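One chain comes next, on its own, written as structure tokens: the form deposited in one PDB entry.
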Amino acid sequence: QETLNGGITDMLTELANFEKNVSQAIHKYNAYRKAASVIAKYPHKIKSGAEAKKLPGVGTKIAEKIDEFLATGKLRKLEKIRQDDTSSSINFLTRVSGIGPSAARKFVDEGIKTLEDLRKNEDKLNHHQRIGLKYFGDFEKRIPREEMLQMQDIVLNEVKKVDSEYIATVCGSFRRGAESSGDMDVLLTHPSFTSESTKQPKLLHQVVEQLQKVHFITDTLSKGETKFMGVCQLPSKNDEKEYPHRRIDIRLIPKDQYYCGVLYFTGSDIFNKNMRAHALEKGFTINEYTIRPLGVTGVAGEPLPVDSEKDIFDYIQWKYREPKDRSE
């Protein structure tokens, strides 16, 4: 991953992870990621802090840190953070799926600071954590698109075995066209589940159950009526190493709200934050279901009509961006 301002964006990303995991300051995390991201799309080699301060999201303090990074090749503030035992122990435990900043601090206080520690205090972990630990190495591996293509095929073919009326669409980075993905995201619709009625129950469960039967889904992290979060694995063949286990998310979204749903799930996460914050500036709030006007006194009005992804962009006066131009 060698890149134009890679030094700088790496440094800001690290600082965002610190603020999230150690400081627990969600808005500093966001503001660092917004700055990283804006710098990543800037097509000159940045030469000074002052030059970077021109970009939206970059202010006084990131500017000063860029000056230092460029002059000296590193940042003191990060040099200190990396030596701090506590800080890096908390950062590390957060890499386990299901451990966030709070739980990572509470383990480090109790003396649980390493993977060997996690692996001998099984009893201290809830179900999700336990599976996140079981598949720790596997979930930090990326998924080549060619494997995403096989996993897609399995998911869509089994969904079809349950009910030809389902539509399953693979989203996230896959739909943006990335050559590798962190995990699989499937958006599910069925004619029976619309914003005005649920004419059938068990619509998600039945899909989960079928994918368990053919051994594709192997564990469940959480499961509700519209959202499944778990683990899957491709079948392997005689004499080969098994495929690593992979994180999978499935979201059943009412069929009439497909476009807001797939906007949401196509992301990126940062792009969604930007696009939703722009909507607010303009008098609208967008979620995975609707786009709605904002009333003088904070009150969200009625859902606007939407019949394309592009409709949502028009409302807030954005030129349409193709999924592949929503990355970073």
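For every residue, the number given is its place in the sequence shown, counted from 1.
> Quick one: across the other PDB entries of this protein we compared, is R76 left without coordinates in at least a third of them?
Replying inline: Counting only entries that model residues on both sides, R76 is resolved in every one of them.
> How about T198: is it missing from at least a third of the other entries compared?
Replying inline: Yes, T198 lacks coordinates in at least a third of the other compared entries that model both of its neighbours.
> Comparing 300-308 with 14-22, where is the mean C-alpha B-factor higher?
Replying inline: Averaged over C-alpha atoms, the B-factors run higher in 300-308.
> Which is higher in the entry, the mean Cα B factor of 68-76 or that of 163-171?
Replying inline: Averaged over C-alpha atoms, the B-factors run higher in 68-76.
> Checking the entry, which one of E240, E179, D185, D256 has the top C-alpha B factor?
Replying inline: Answer for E240, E179, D185, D256: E240, with the highest C-alpha B-factor.
> Reading the B-factor column of the entry, which of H190, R246, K227, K202 has the highest value at its C-alpha atom?
Replying inline: Reading the PDB entry, the winner on C-alpha B-factor is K202.
> Among the chain's modelled residues, which third holds the C-alpha B-factor of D269?
Replying inline: According to the entry, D269 has a C-alpha B-factor in the chain's lowest third.
>> Looking at the temperature factor on the CA atom of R276, which third of the chain's modelled residues does it land in?
In response: According to the entry, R276 has a C-alpha B-factor in the chain's lowest third.
>> Among the modelled residues of this chain, does the Cα B factor of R145 put it in the lowest, middle or highest third?
In response: Tercile = lowest for this residue's CA B-factor.
>> Using only modelled residues of the chain, where does the Cα B factor of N287 rank: lowest third, middle third or highest third?
In response: For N287, whose C-alpha B-factor we compare with every modelled residue in the chain, the answer is the lowest third.
> Against its chain's modelled residues, does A35's Cα B factor rank lowest, middle or highest third?
Replying inline: Middle third, going by the recorded CA B-factors of the chain.
Only in words, not in the display: the form deposited in another entry, which the text now covers.
> Can you say which of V296, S164, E302, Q83 is at the hinge when one rigid part swings against the other between the shown form and the other one?
Replying inline: Checking the domain motion between the shown form and the other one, the hinge sits at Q83.
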